[PDB]
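Chemist: To start, I am sharing the structure in question, which I have written as structure tokens.
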Amino acid sequence: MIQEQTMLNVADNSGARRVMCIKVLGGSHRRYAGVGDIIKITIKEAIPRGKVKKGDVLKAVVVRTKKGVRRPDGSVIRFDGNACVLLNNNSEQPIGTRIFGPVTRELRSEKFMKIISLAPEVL
Amino acid sequence: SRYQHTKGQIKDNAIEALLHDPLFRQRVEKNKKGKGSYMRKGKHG
Amino acid sequence: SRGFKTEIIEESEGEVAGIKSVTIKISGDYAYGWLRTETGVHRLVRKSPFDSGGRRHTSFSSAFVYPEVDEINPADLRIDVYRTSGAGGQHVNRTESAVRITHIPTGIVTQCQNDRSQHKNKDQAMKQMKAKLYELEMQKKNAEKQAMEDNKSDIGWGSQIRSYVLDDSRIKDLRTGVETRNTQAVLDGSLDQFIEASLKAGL
RNA sequence: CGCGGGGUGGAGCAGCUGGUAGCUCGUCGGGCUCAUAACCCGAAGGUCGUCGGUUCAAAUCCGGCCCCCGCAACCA
RNA sequence: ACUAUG
RNA sequence: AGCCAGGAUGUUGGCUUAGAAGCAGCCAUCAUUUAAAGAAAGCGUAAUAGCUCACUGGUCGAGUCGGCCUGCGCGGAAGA
RNA sequence: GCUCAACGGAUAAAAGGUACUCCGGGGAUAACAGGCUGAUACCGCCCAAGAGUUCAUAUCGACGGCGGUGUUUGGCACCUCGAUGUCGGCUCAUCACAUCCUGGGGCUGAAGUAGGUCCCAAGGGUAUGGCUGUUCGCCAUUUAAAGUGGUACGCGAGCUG
RNA sequence: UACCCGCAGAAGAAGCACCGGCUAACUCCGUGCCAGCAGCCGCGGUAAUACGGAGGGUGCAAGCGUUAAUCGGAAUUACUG
């Protein structure tokens, strides 16, 4: 349950380090992103050189949450920190070419098939 | 190849602006006799 | 000797001799288009009568020829009207004095809210809206001189058009190649081998 | 708009009590200087914003029109 | 009582 | 009123126009064919052509065309 | 012998301040809400010169003309001066339709996608932040859309101040 | 393979920089403070030994020039001095 003003860590290698959510996309009045949901973000910390600079606005996709995902049998996966992969604003492909940390099957789609390649672990 | 003039950005009339550049500027000549005409060396000897 | 009437608008004499500048109106028929070839720089060469030496000088002088030439629709304006900020009891809080006209083509806006009357504020803010649309006639006019005048200053040493040479006792229009040896013809007035043969050959 | 003031040679000013337009600078012409500036001599130039009235007569008194300033536009 | 510049 | 046929020839009238041939704009007032047809009424071409009305004979068989005066009506006519 | 000109002449002789204020009165008289009005404002129609390569009316529409609404700035002083507490914000709404989205249509200077304009339609729906006390507005990022109004410019014996 | 012998025919094999002074080597034509040259002084504004071309000449020569870099010249960091 990422919402406006939530700060997330960055799973990819893109340059960014912390980012802040600033909309949850795909609806009027929409409160939360969970896993596999697109959000508009801004970059706060960013490492000295790298694809993206502090203050850049772009999309991301949420890939890990503390609240957790739920699986059809009742099972929950929680993680220990909120996290996201930075995306282009228009194509909505990844910027990063590597991915740190585990991710989930909730991504497994047409759209984010590039990520679930690059992940170390899918749970 | 484009003259780089010493006037800044021209704003109105350019001919009158170049008139007041070193580009134009009186060319006077050395007299070879009388009244500014002394050489030490002279062109060859 | 082409029958135009020939005012002086403005002079400035030099302290010793000649003139620093001058402006000359030319009343008559197809004036501009005769003279428009003569805009440019002109190069003299002579032994100067003012130099105590007596050296060949090589002065320059412009001529420049330019011809002469001689209300905002309520549809184009939106007019927001709203309450004022500030000091004075029940009357300030309620009434909507304040105006904000806006031009939909450009984006320029205005206000007034000095007055109590909405109708004063409106016709005041109409005045500032006249002025501020007259002001973007100056910033198009001035930035489409210095568009066209930046790439006329491109041409540089070419800007000089004629070369009068009163001790080697001859001349050249530098564009055409048209030449005389009669120096005191042309200075008294007899130009027209230069002025025609420019037009004919297309500047 | 309410009240008041001002438009005079090219510039800044005086003359406004009806019959008379001055002051300093500038312009023009002559001199002095090798030349220019200063300095000396001589000459001009003002529809008195604009339109209309009043008077025998209007810069001047009176009205409208135009521009330019200043003061006021308050209590809720 | 004189004076500045080229 | 309907229904069928004809609406031409000098000639794209002239002048303008990249083009203007009835039909962008401007100036304008023919005879010929005779049943009669504008030197052009509206679509339409880059322009002709194309369609079609004024105009006219055929067919059919009783009232009909459109102004003036006056009565009553219709639309125009959305609010907590 | 008085410009006692405030000219039926208060004295021979007289200006201000009060947000530190007080008393008596007035809705005879103002500010706020209501009322009458509708110059102004908003919405609509009539005429059609012209723009739209050609063509007034797909879209616009000069010079002028006729209305509607009661929404803004006013005008009037009818109600309230032995009190009808004000902008904005919060909470809770409710109606109108001159419709922002969704639904049905007609014309298009509608190939398609996507638009323009008009007619019907009020069932439901109709952002979050930065700045500012702000309404309004500008900006950022969304959304199918971020509609225009009425309700003491709805709502303080409900909150804030 | 070095090296040695035979065959044919001058055959198959010369450029680069410079020529105002410093610095060895000069005259024409074009150009007219333009175009250009230039290490430093400077050359060029209608008779240019200094620009560009030609003819001649000087210097190197399978190389010749330009640039960069070090020492020299520089007794211009001096012990020598």
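All residue names refer to the structure tokens as shown: chains lettered A, B, ... in order, residues numbered from 1 in each chain, ligands numbered from 1 in order.
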With only C-alpha atoms (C1' of nucleotides) as the counted atoms, please give the residues lying no more than 7 Å from range 24-35 of chain F, apart from itself and same-chain residues fewer than 6 positions off, as a PyMOL selection string.

Modeler: (chain F and resi 9+56-57) or (chain G and resi 54)

Chemist: Do a neighbour search on range 90-104 of chain A at 9 Å with only C-alpha atoms (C1' of nucleotides), toss out local chain neighbours closer than 6 positions, and write the hits as a VMD selection string.

Modeler: chain A and resid 10 to 15 35 to 36 51 to 52 59 to 60 63 to 64 69 77 111 to 112 114 to 116 118 to 123

Chemist: Can I get the selection written as a tab-separated table (two decimals), in the first residue's frame, with C-alpha atoms?

Modeler:
chain	number	residue	atom	x	y	z
A	10	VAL	CA	14.81	1.29	-6.01
A	11	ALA	CA	15.20	-2.36	-7.03
A	12	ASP	CA	16.86	-1.71	-10.44
A	13	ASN	CA	20.34	-0.17	-11.15
A	14	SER	CA	19.05	2.94	-12.91
A	15	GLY	CA	20.81	5.64	-10.85
A	35	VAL	CA	2.41	-4.93	-6.28
A	36	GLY	CA	2.46	-4.75	-10.08
A	51	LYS	CA	20.86	7.28	-16.26
A	52	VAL	CA	18.65	9.58	-14.11
A	59	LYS	CA	6.81	6.21	-13.83
A	60	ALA	CA	7.72	3.16	-11.82
A	63	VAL	CA	7.54	-4.82	-7.03
A	64	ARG	CA	7.78	-5.34	-3.25
A	69	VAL	CA	0.61	-9.69	-1.56
A	77	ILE	CA	4.23	-12.89	1.16
A	111	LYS	CA	3.97	-6.07	-19.88
A	112	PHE	CA	6.66	-6.74	-17.22
A	114	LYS	CA	11.44	-8.07	-19.15
A	115	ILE	CA	11.75	-7.76	-15.32
A	116	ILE	CA	10.97	-11.39	-14.40
A	118	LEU	CA	16.32	-10.07	-14.94
A	119	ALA	CA	15.19	-10.89	-11.38
A	120	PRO	CA	17.46	-13.10	-9.23
A	121	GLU	CA	14.52	-14.83	-7.54
A	122	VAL	CA	10.83	-14.99	-8.25
A	123	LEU	CA	8.87	-16.14	-5.20

Chemist: Residue 7 in chain A: which residues within 7 Å, counting only C-alpha atoms (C1' of nucleotides), same-chain residues fewer than 4 positions away excluded, as a count of residues only?

Modeler: 4

Chemist: Using only C-alpha atoms (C1' of nucleotides), which residues sit within 12 Å of residue 34 in chain G once same-chain residues fewer than 6 positions away are excluded, as a list in words?

Modeler: residues 78, 79, 80, 84 and 152 of chain G

Chemist: So how many Å separate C1' of residue 25 in chain H and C1' of residue 59 in chain H, to one decimal?

Modeler: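 Result for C1' of residue 25 in chain H versus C1' of residue 59 in chain H: 8.6 Å, one decimal.
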
Chemist: Excluding residue 5 in chain B and residues on its chain fewer than 5 positions from it, collect all residues at most 10 Å away from it, counting only C-alpha atoms (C1' of nucleotides), and give them as a PDB file with C-alpha atoms, in the first residue's frame.

Modeler:
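Output file result-v4.pdb is given in full below:
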ATOM      1  CA  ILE B  10      22.941  44.931 -33.661  1.00  0.00           C
ATOM      2  CA  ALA B  17      26.992  49.926 -36.749  1.00  0.00           C
ATOM      3  CA  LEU B  18      29.776  48.441 -38.910  1.00  0.00           C
ATOM      4  CA  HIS B  20      31.771  52.254 -36.267  1.00  0.00           C
ATOM      5  CA  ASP B  21      33.774  49.023 -36.131  1.00  0.00           C
ATOM      6  CA  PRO B  22      37.556  48.643 -36.514  1.00  0.00           C
ATOM      7  CA  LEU B  23      36.615  46.871 -39.752  1.00  0.00           C
TER       8      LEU B  23
ATOM      9  CA  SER C 153      25.489  42.490 -40.640  1.00  0.00           C
ATOM     10  CA  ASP C 154      26.614  39.035 -41.851  1.00  0.00           C
ATOM     11  CA  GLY C 156      30.588  42.641 -43.555  1.00  0.00           C
TER      12      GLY C 156
END

Chemist: To test your reading of the structure, identify every residue in chain A that backbone DSSP assigns to strand (DSSP E), and report it as a PyMOL selection string.

Modeler: chain A and resi 7-10+18-24+38-43+57-64+69-70+76-77+83-87

Chemist: Could you dump the residues just selected with N, CA and C atoms as a compact mmCIF listing (two decimals), in the first residue's frame?

Modeler:
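As a result, out.txt now contains:
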# COMPACT_ATOMS: atom_id res chain seq x y z
N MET A 7 7.87 6.97 0.43
CA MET A 7 9.24 6.82 -0.09
C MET A 7 9.61 5.35 -0.28
N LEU A 8 10.06 5.00 -1.48
CA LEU A 8 10.44 3.64 -1.80
C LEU A 8 11.93 3.57 -2.16
N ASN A 9 12.53 2.42 -1.86
CA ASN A 9 13.81 2.03 -2.43
C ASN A 9 13.68 1.58 -3.87
N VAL A 10 14.81 1.57 -4.57
CA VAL A 10 14.81 1.29 -6.01
C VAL A 10 15.51 -0.04 -6.28
N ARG A 18 16.55 6.61 -3.46
CA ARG A 18 15.22 6.76 -2.91
C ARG A 18 14.42 7.49 -3.94
N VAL A 19 13.13 7.20 -3.98
CA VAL A 19 12.16 7.97 -4.73
C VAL A 19 10.88 8.12 -3.91
N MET A 20 10.10 9.15 -4.24
CA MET A 20 8.80 9.39 -3.63
C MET A 20 7.70 9.19 -4.67
N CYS A 21 6.70 8.38 -4.33
CA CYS A 21 5.44 8.34 -5.06
C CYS A 21 4.78 9.72 -5.11
N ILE A 22 4.13 10.06 -6.23
CA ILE A 22 3.31 11.30 -6.33
C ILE A 22 1.97 11.21 -7.05
N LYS A 23 1.69 10.17 -7.82
CA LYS A 23 0.31 9.70 -7.97
C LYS A 23 0.28 8.20 -7.99
N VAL A 24 -0.88 7.69 -7.61
CA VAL A 24 -1.30 6.36 -7.98
C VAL A 24 -2.15 6.49 -9.24
N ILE A 38 1.36 0.59 -11.55
CA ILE A 38 2.14 1.72 -12.01
C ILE A 38 1.88 2.94 -11.12
N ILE A 39 2.95 3.64 -10.77
CA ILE A 39 2.85 4.92 -10.08
C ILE A 39 3.81 5.93 -10.67
N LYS A 40 3.41 7.19 -10.63
CA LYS A 40 4.26 8.31 -11.01
C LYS A 40 5.14 8.66 -9.83
N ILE A 41 6.42 8.91 -10.07
CA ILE A 41 7.38 9.14 -8.98
C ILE A 41 8.33 10.28 -9.29
N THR A 42 9.00 10.76 -8.25
CA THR A 42 10.11 11.68 -8.40
C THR A 42 11.33 11.14 -7.66
N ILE A 43 12.50 11.50 -8.17
CA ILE A 43 13.76 10.96 -7.70
C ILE A 43 14.30 11.90 -6.63
N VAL A 57 10.96 13.46 -13.02
CA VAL A 57 9.67 12.81 -12.82
C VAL A 57 9.52 11.70 -13.84
N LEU A 58 9.11 10.52 -13.38
CA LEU A 58 8.82 9.40 -14.28
C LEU A 58 7.92 8.36 -13.64
N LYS A 59 7.60 7.30 -14.37
CA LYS A 59 6.81 6.21 -13.83
C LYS A 59 7.70 5.22 -13.15
N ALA A 60 7.09 4.38 -12.32
CA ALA A 60 7.72 3.16 -11.82
C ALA A 60 6.68 2.10 -11.70
N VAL A 61 7.10 0.90 -11.36
CA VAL A 61 6.17 -0.17 -11.00
C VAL A 61 6.55 -0.71 -9.64
N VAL A 62 5.56 -0.90 -8.77
CA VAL A 62 5.83 -1.41 -7.44
C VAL A 62 6.06 -2.91 -7.57
N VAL A 63 7.18 -3.39 -7.00
CA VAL A 63 7.54 -4.82 -7.03
C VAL A 63 7.68 -5.54 -5.69
N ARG A 64 7.81 -4.78 -4.59
CA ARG A 64 7.78 -5.34 -3.25
C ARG A 64 7.09 -4.41 -2.27
N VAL A 69 1.59 -9.16 -0.62
CA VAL A 69 0.61 -9.69 -1.56
C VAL A 69 -0.13 -10.88 -0.94
N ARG A 70 -1.25 -11.25 -1.53
CA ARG A 70 -1.95 -12.48 -1.15
C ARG A 70 -2.07 -13.44 -2.32
N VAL A 76 0.35 -15.40 2.40
CA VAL A 76 0.82 -14.03 2.25
C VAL A 76 2.31 -14.11 2.05
N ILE A 77 2.83 -13.31 1.12
CA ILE A 77 4.23 -12.89 1.16
C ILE A 77 4.28 -11.44 1.63
N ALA A 83 9.49 -1.23 -2.49
CA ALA A 83 10.45 -1.12 -3.61
C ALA A 83 9.83 -1.09 -5.00
N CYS A 84 10.56 -0.48 -5.94
CA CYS A 84 10.06 -0.26 -7.30
C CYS A 84 11.14 -0.24 -8.37
N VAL A 85 10.71 -0.49 -9.60
CA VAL A 85 11.57 -0.45 -10.77
C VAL A 85 11.19 0.78 -11.59
N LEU A 86 12.17 1.63 -11.91
CA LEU A 86 11.89 2.84 -12.71
C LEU A 86 11.60 2.49 -14.15
N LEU A 87 10.69 3.25 -14.75
CA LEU A 87 10.22 3.02 -16.11
C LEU A 87 10.34 4.31 -16.91

Chemist: Starting from chain C, keep only residues with some atom at most 7 Å from an atom of chain D, counting only C-alpha atoms (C1' of nucleotides), and report them as a PyMOL selection string.

Modeler: chain C and resi 15-16+89

Chemist: Grab the CA of residue 43 in chain C to CA of residue 158 in chain C distance for me, in Å with one decimal place.

Modeler: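 For CA of residue 43 in chain C relative to CA of residue 158 in chain C, the distance reads 12.0 Å.
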
Chemist: Residues of chain H that have any atom at most 12 Å from an atom of chain C: could you tabulate them with the shortest-distance atom pair and the distance in Å to one decimal, using only C-alpha atoms (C1' of nucleotides), ordered by chain and increasing number, as a Markdown table?

Modeler:
| residue | atom | partner | partner_atom | distance |
| --- | --- | --- | --- | --- |
| H:32 | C1' | C:168 | CA | 11.9 |
| H:33 | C1' | C:58 | CA | 10.7 |
| H:34 | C1' | C:157 | CA | 10.7 |
| H:45 | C1' | C:56 | CA | 8.6 |
| H:46 | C1' | C:168 | CA | 9.3 |

Chemist: Okay, now the selection with C-alpha atoms (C1' of nucleotides), as a PDB file, in the first residue's frame?

Modeler:
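Now in again39.pdb:
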ATOM      1  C1'   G H  32      46.993  47.037 -55.376  1.00  0.00           C
ATOM      2  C1'   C H  33      46.859  47.695 -46.908  1.00  0.00           C
ATOM      3  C1'   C H  34      42.744  43.425 -51.020  1.00  0.00           C
ATOM      4  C1'   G H  45      47.898  51.397 -50.082  1.00  0.00           C
ATOM      5  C1'   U H  46      49.836  50.651 -59.174  1.00  0.00           C
TER       6        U H  46
END

Chemist: Do a neighbour search on residue 120 in chain C at 12 Å with only C-alpha atoms (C1' of nucleotides), toss out local chain neighbours closer than 5 positions, and write the hits as a PyMOL selection string.

Modeler: (chain C and resi 97-99+111-115+125-127) or (chain D and resi 1+73) or (chain G and resi 73)

Chemist: Would you mind listing what lies within 12 Å of residue 23 in chain D as a list in words, with only C-alpha atoms (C1' of nucleotides) counted and same-chain residues fewer than 6 positions away left out?

Modeler: residues 12, 13, 14 and 15 of chain D

Chemist: Could you write those residues out with C-alpha atoms (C1' of nucleotides), as a PDB file, in the first residue's frame?

Modeler:
ATOM      1  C1'   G D  12      14.070  76.844 -19.809  1.00  0.00           C
ATOM      2  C1'   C D  13      11.497  81.061 -18.018  1.00  0.00           C
ATOM      3  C1'   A D  14       8.938  86.136 -17.200  1.00  0.00           C
ATOM      4  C1'   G D  15       4.436  89.282 -19.190  1.00  0.00           C
TER       5        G D  15
END

Chemist: Counting only C-alpha atoms (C1' of nucleotides), which residues from chain C have an atom at most 12 Å from any atom of chain E, and could you show them as an NGL selection string?

Modeler: :C and (16 or 50-52)

Chemist: For the residues selected in the previous step, produce a file with N, CA, C and O atoms as a PDB file, in the first residue's frame.

Modeler:
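Result saved to result-v4.pdb:
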ATOM      1  N   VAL C  16      34.703  71.459 -36.816  1.00  0.00           N
ATOM      2  CA  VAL C  16      35.548  72.152 -37.806  1.00  0.00           C
ATOM      3  C   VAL C  16      34.828  72.309 -39.144  1.00  0.00           C
ATOM      4  O   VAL C  16      34.744  73.413 -39.679  1.00  0.00           O
ATOM      5  N   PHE C  50      43.266  68.503 -44.313  1.00  0.00           N
ATOM      6  CA  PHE C  50      43.293  68.796 -42.875  1.00  0.00           C
ATOM      7  C   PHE C  50      44.516  68.223 -42.153  1.00  0.00           C
ATOM      8  O   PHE C  50      44.932  68.759 -41.127  1.00  0.00           O
ATOM      9  N   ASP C  51      45.084  67.142 -42.686  1.00  0.00           N
ATOM     10  CA  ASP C  51      46.325  66.551 -42.169  1.00  0.00           C
ATOM     11  C   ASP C  51      47.509  67.487 -42.382  1.00  0.00           C
ATOM     12  O   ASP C  51      47.843  67.834 -43.520  1.00  0.00           O
ATOM     13  N   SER C  52      48.145  67.880 -41.281  1.00  0.00           N
ATOM     14  CA  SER C  52      49.339  68.727 -41.331  1.00  0.00           C
ATOM     15  C   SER C  52      50.543  68.064 -42.011  1.00  0.00           C
ATOM     16  O   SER C  52      51.435  68.771 -42.487  1.00  0.00           O
TER      17      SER C  52
END

Chemist: Within 9 Å of chain G, which residues of chain C show up? Give each one with its shortest atom-to-atom distance in Å (one decimal) and the two atoms involved, counting only C-alpha atoms (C1' of nucleotides), rows by chain then rising residue number, as a tab-separated table.

Modeler:
residue	atom	partner	partner_atom	distance
C:80	CA	G:136	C1'	8.0
C:81	CA	G:136	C1'	8.0
C:82	CA	G:136	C1'	5.9
C:83	CA	G:135	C1'	7.1
C:85	CA	G:134	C1'	7.7
C:89	CA	G:86	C1'	8.0
C:90	CA	G:86	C1'	6.1
C:91	CA	G:31	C1'	7.0
C:92	CA	G:87	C1'	8.7
C:93	CA	G:87	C1'	5.1
C:94	CA	G:87	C1'	7.3
C:95	CA	G:73	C1'	8.5
C:96	CA	G:73	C1'	7.8
C:97	CA	G:73	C1'	7.7
C:117	CA	G:73	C1'	7.4
C:118	CA	G:73	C1'	5.8
C:119	CA	G:73	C1'	7.1

Chemist: Considering only alpha helix (DSSP H) as DSSP defines it on the backbone, what residues of chain A qualify? List them as a VMD selection string.

Modeler: chain A and resid 113 to 118

Chemist: What would the file look like if the residues just selected were written as a PDB file, in the first residue's frame with C-alpha atoms?

Modeler:
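part02.pdb, freshly written:
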ATOM      1  CA  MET A 113       8.124  -9.928 -18.760  1.00  0.00           C
ATOM      2  CA  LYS A 114      11.444  -8.072 -19.149  1.00  0.00           C
ATOM      3  CA  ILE A 115      11.754  -7.756 -15.321  1.00  0.00           C
ATOM      4  CA  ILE A 116      10.966 -11.389 -14.405  1.00  0.00           C
ATOM      5  CA  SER A 117      13.842 -12.354 -16.706  1.00  0.00           C
ATOM      6  CA  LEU A 118      16.317 -10.073 -14.938  1.00  0.00           C
TER       7      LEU A 118
END

Chemist: Please identify all residues of chain G having at least one atom at most 12 Å from any atom of chain A, considering only C-alpha atoms (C1' of nucleotides), and return them as a VMD selection string.

Modeler: chain G and resid 125 to 129 140 to 146

Chemist: Let's have the selection written as a PDB file, in the first residue's frame, with N, CA, C and O atoms (P, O5', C5', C4', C3', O3' and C1' of nucleotides).

Modeler:
ATOM      1  P     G G 125     -24.150   9.404  -7.467  1.00  0.00           P
ATOM      2  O5'   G G 125     -22.881   9.665  -8.394  1.00  0.00           O
ATOM      3  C5'   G G 125     -21.846   8.681  -8.527  1.00  0.00           C
ATOM      4  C4'   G G 125     -20.991   8.962  -9.739  1.00  0.00           C
ATOM      5  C3'   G G 125     -20.082  10.179  -9.666  1.00  0.00           C
ATOM      6  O3'   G G 125     -18.866   9.956  -8.953  1.00  0.00           O
ATOM      7  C1'   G G 125     -21.184  10.160 -11.750  1.00  0.00           C
ATOM      8  P     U G 126     -18.419  10.949  -7.761  1.00  0.00           P
ATOM      9  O5'   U G 126     -17.953  12.265  -8.520  1.00  0.00           O
ATOM     10  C5'   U G 126     -16.800  12.224  -9.371  1.00  0.00           C
ATOM     11  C4'   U G 126     -16.905  13.268 -10.451  1.00  0.00           C
ATOM     12  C3'   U G 126     -16.650  14.694 -10.020  1.00  0.00           C
ATOM     13  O3'   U G 126     -15.280  14.938  -9.723  1.00  0.00           O
ATOM     14  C1'   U G 126     -18.401  14.617 -11.612  1.00  0.00           C
ATOM     15  P     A G 127     -14.840  15.467  -8.270  1.00  0.00           P
ATOM     16  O5'   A G 127     -13.507  16.275  -8.586  1.00  0.00           O
ATOM     17  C5'   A G 127     -12.534  16.515  -7.559  1.00  0.00           C
ATOM     18  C4'   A G 127     -11.580  15.351  -7.466  1.00  0.00           C
ATOM     19  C3'   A G 127     -10.359  15.593  -6.584  1.00  0.00           C
ATOM     20  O3'   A G 127     -10.700  15.122  -5.287  1.00  0.00           O
ATOM     21  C1'   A G 127      -9.666  14.910  -8.734  1.00  0.00           C
ATOM     22  P     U G 128     -10.273  15.936  -3.992  1.00  0.00           P
ATOM     23  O5'   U G 128      -8.703  15.683  -3.932  1.00  0.00           O
ATOM     24  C5'   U G 128      -8.204  14.372  -3.627  1.00  0.00           C
ATOM     25  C4'   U G 128      -6.717  14.306  -3.864  1.00  0.00           C
ATOM     26  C3'   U G 128      -5.877  15.374  -3.187  1.00  0.00           C
ATOM     27  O3'   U G 128      -5.589  15.065  -1.825  1.00  0.00           O
ATOM     28  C1'   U G 128      -5.164  15.071  -5.431  1.00  0.00           C
ATOM     29  P     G G 129      -5.154  16.235  -0.821  1.00  0.00           P
ATOM     30  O5'   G G 129      -3.628  16.468  -1.181  1.00  0.00           O
ATOM     31  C5'   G G 129      -3.081  17.788  -1.215  1.00  0.00           C
ATOM     32  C4'   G G 129      -1.816  17.747  -2.006  1.00  0.00           C
ATOM     33  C3'   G G 129      -1.059  19.057  -2.071  1.00  0.00           C
ATOM     34  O3'   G G 129      -0.290  19.219  -0.875  1.00  0.00           O
ATOM     35  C1'   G G 129      -1.397  18.260  -4.259  1.00  0.00           C
ATOM     36  P     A G 140       2.690  23.051 -15.354  1.00  0.00           P
ATOM     37  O5'   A G 140       2.825  22.001 -14.167  1.00  0.00           O
ATOM     38  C5'   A G 140       4.116  21.681 -13.619  1.00  0.00           C
ATOM     39  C4'   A G 140       3.970  20.641 -12.542  1.00  0.00           C
ATOM     40  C3'   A G 140       3.389  19.308 -12.997  1.00  0.00           C
ATOM     41  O3'   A G 140       4.369  18.481 -13.617  1.00  0.00           O
ATOM     42  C1'   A G 140       2.316  20.006 -11.014  1.00  0.00           C
ATOM     43  P     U G 141       3.978  17.575 -14.887  1.00  0.00           P
ATOM     44  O5'   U G 141       3.002  16.476 -14.269  1.00  0.00           O
ATOM     45  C5'   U G 141       3.489  15.512 -13.317  1.00  0.00           C
ATOM     46  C4'   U G 141       2.351  14.714 -12.727  1.00  0.00           C
ATOM     47  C3'   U G 141       1.331  14.166 -13.713  1.00  0.00           C
ATOM     48  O3'   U G 141       1.722  12.998 -14.436  1.00  0.00           O
ATOM     49  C1'   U G 141       0.211  15.065 -11.832  1.00  0.00           C
ATOM     50  P     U G 142       0.702  12.334 -15.496  1.00  0.00           P
ATOM     51  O5'   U G 142      -0.383  11.637 -14.568  1.00  0.00           O
ATOM     52  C5'   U G 142      -1.715  11.411 -15.044  1.00  0.00           C
ATOM     53  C4'   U G 142      -2.623  11.155 -13.874  1.00  0.00           C
ATOM     54  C3'   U G 142      -4.010  10.663 -14.233  1.00  0.00           C
ATOM     55  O3'   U G 142      -4.002   9.258 -14.449  1.00  0.00           O
ATOM     56  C1'   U G 142      -4.208  12.488 -12.768  1.00  0.00           C
ATOM     57  P     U G 143      -4.785   8.653 -15.698  1.00  0.00           P
ATOM     58  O5'   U G 143      -6.263   9.178 -15.472  1.00  0.00           O
ATOM     59  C5'   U G 143      -7.028   8.672 -14.382  1.00  0.00           C
ATOM     60  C4'   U G 143      -8.363   9.362 -14.346  1.00  0.00           C
ATOM     61  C3'   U G 143      -9.197   9.292 -15.612  1.00  0.00           C
ATOM     62  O3'   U G 143      -9.762   7.995 -15.751  1.00  0.00           O
ATOM     63  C1'   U G 143      -9.348  11.446 -14.659  1.00  0.00           C
ATOM     64  P     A G 144      -9.883   7.312 -17.188  1.00  0.00           P
ATOM     65  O5'   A G 144     -11.034   8.165 -17.878  1.00  0.00           O
ATOM     66  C5'   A G 144     -11.211   8.206 -19.302  1.00  0.00           C
ATOM     67  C4'   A G 144     -12.509   8.905 -19.616  1.00  0.00           C
ATOM     68  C3'   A G 144     -12.668  10.292 -18.998  1.00  0.00           C
ATOM     69  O3'   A G 144     -12.155  11.277 -19.900  1.00  0.00           O
ATOM     70  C1'   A G 144     -14.606   8.969 -18.577  1.00  0.00           C
ATOM     71  P     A G 145     -11.115  12.400 -19.407  1.00  0.00           P
ATOM     72  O5'   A G 145     -12.038  13.424 -18.608  1.00  0.00           O
ATOM     73  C5'   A G 145     -12.960  14.272 -19.330  1.00  0.00           C
ATOM     74  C4'   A G 145     -14.063  14.791 -18.432  1.00  0.00           C
ATOM     75  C3'   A G 145     -13.637  15.578 -17.192  1.00  0.00           C
ATOM     76  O3'   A G 145     -13.454  16.977 -17.437  1.00  0.00           O
ATOM     77  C1'   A G 145     -15.332  13.984 -16.639  1.00  0.00           C
ATOM     78  P     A G 146     -11.995  17.598 -17.797  1.00  0.00           P
ATOM     79  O5'   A G 146     -11.482  18.196 -16.410  1.00  0.00           O
ATOM     80  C5'   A G 146     -12.088  19.358 -15.801  1.00  0.00           C
ATOM     81  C4'   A G 146     -13.195  18.924 -14.877  1.00  0.00           C
ATOM     82  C3'   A G 146     -13.272  19.641 -13.528  1.00  0.00           C
ATOM     83  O3'   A G 146     -14.606  19.634 -13.009  1.00  0.00           O
ATOM     84  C1'   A G 146     -12.749  17.375 -13.178  1.00  0.00           C
TER      85        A G 146
END

Chemist: To one decimal place in Å, what is the distance between CA of residue 174 in chain C and CA of residue 160 in chain C?

Modeler: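 CA of residue 160 in chain C lies at a distance of 7.5 Å from CA of residue 174 in chain C.
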
Chemist: Hey, could you make a per-residue contact list for chain B against chain C with 8 Å as the cut-off, showing the nearest pair of atoms and its distance in Å to one decimal, counting only C-alpha atoms, sorted by chain and number, as CSV?

Modeler:
residue,atom,partner,partner_atom,distance
B:2,CA,C:154,CA,5.6
B:3,CA,C:156,CA,5.7
B:9,CA,C:150,CA,7.4
B:10,CA,C:150,CA,6.1
B:11,CA,C:146,CA,4.9
B:12,CA,C:145,CA,6.3
B:13,CA,C:149,CA,6.5
B:14,CA,C:153,CA,5.3
B:15,CA,C:40,CA,6.4
B:16,CA,C:62,CA,6.4
B:18,CA,C:156,CA,7.5
B:19,CA,C:62,CA,7.0
B:23,CA,C:157,CA,7.6
B:24,CA,C:60,CA,7.0
B:25,CA,C:59,CA,7.1
B:26,CA,C:59,CA,5.0
B:27,CA,C:58,CA,5.1
B:28,CA,C:57,CA,4.5
B:29,CA,C:56,CA,5.7
B:30,CA,C:55,CA,7.2
B:31,CA,C:55,CA,6.4
B:34,CA,C:53,CA,7.5
B:35,CA,C:53,CA,5.7
B:36,CA,C:53,CA,7.4
